[PDB]
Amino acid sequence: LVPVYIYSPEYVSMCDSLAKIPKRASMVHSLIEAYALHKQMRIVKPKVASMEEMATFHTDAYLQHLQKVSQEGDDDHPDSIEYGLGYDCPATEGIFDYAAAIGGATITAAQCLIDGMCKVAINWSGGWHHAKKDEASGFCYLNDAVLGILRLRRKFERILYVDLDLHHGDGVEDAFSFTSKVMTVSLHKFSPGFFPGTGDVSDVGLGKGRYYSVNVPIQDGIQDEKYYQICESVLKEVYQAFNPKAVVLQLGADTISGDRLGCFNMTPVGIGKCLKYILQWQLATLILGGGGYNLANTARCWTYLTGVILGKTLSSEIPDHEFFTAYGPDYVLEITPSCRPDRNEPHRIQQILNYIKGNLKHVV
């Protein structure tokens, strides 16, 4: 019953080097350990993914290119245009090893779930949901969520992927767009000019996977109570129509008030309610992180959610620890949203929910 916590010092040290989130993995782990939450979990060292494990989704040519430019960080290689490596996804030195470690961490969590070691396994440094089988994308060099789902498919016949990141989980949706055995549900900002431009409510999958992809397009300024209302309404229909046997849950914290992107107006309490609704299904659940560019707020969010997973209530006072000064000026766990307009007109929200309920009729 005790949740598995994927962690090692080597793993955190590698994840700390990712370009857009310097030291975020150490902050997340350090805050969790300062609340002593790791003492209530089964700590599991992640294995590094092998080439053949990564190739269950990614092409050998992509992985070999990534490995080659990773050796010295060749960010000027003429073939990188083939593979999505460039301004947004630079060929950092060591990026292949970091990708292999994150992929391996998510696979390890999936393996713990299928071995019955736990009902909940956590890889807070995972959630690289934009990566494609032969292209890096949106800071994602390897799609560890896809690798996790594929591992879970060795044992579980139907997997539900739920993506609460601010951005559409397009890489995961694409990987499974043509199958009814994996259903993807993404709540995300959908607006002209907002990356990656996909995931309208009319995108429902393709072929035999038609109606087994679900997209909930949301506008700026949504807050906890309406977001949870939307999420519960969709997930309730999904659970009834699809009958999942296992769940992969991406919890990117770029929805949280105070993020540099400043789109949604969420607090960890609202995401926590979504998490609780999924946990009460009592299915094997693989928990991933993702985006989150206010480093201290992301650590606030995921520490709180770790608390939710353990059924614990955490003290408001941020405990003294290595990154204590990042939590100023108030040094508390809670995040106060700002007072700004919610651009989600309730009639449009009901149109979207009705559309989705109609789509899920076609599902058995």
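Note that residue numbering begins at 1 and tracks the sequence as displayed.
Trainee: Averaging CA B factors per stretch from the PDB record, which one is higher: 163-171 or 257-265?
Mentor: Stretch with the higher mean C-alpha B-factor: 257-265.
Trainee: Per the record, averaged over C-alpha atoms, which has the higher B-factor: 193-201 or 236-244?
Mentor: Taking the mean C-alpha B-factor of 236-244 and of 193-201, the larger value falls to 236-244.
Trainee: Quiz for you: based on the deposited Cα B-factor, which of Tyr227, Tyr211, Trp124, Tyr141 is highest?
Mentor: Of the candidates given, the C-alpha B-factor peaks at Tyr211.
Trainee: Which of these has the highest Cα B-factor in the record: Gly207, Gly289, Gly116, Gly270?
Mentor: Spelled out: the listed residue with the top C-alpha B-factor is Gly116.
Trainee: Lowest, middle or highest third: which one holds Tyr35 when the chain's residues are ordered by CA B-factor from the entry?
Mentor: Within its chain, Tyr35 is a highest-third residue by C-alpha B-factor, going by the deposited values.
Trainee: Ordered by C-alpha B-factor within the chain, which third holds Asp97? Give me lowest, middle or highest, please.
Mentor: Within its chain, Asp97 is a middle-third residue by C-alpha B-factor, going by the deposited values.
Trainee: Relative to the other modelled residues of the same chain, rank the CA B-factor of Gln282 and answer lowest, middle or highest third.
Mentor: Highest third - that is where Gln282 ends up once the chain's C-alpha B-factors are sorted.
Trainee: Classify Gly84 as lowest, middle or highest third according to the C-alpha B-factor given in the PDB entry, relative to its own chain.
Mentor: Within its chain, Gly84 is a lowest-third residue by C-alpha B-factor, going by the deposited values.
Trainee: What third of its chain, lowest, middle or highest, does the C-alpha temperature factor of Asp134 fall into?
Mentor: CA B-factor rank for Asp134: lowest third.
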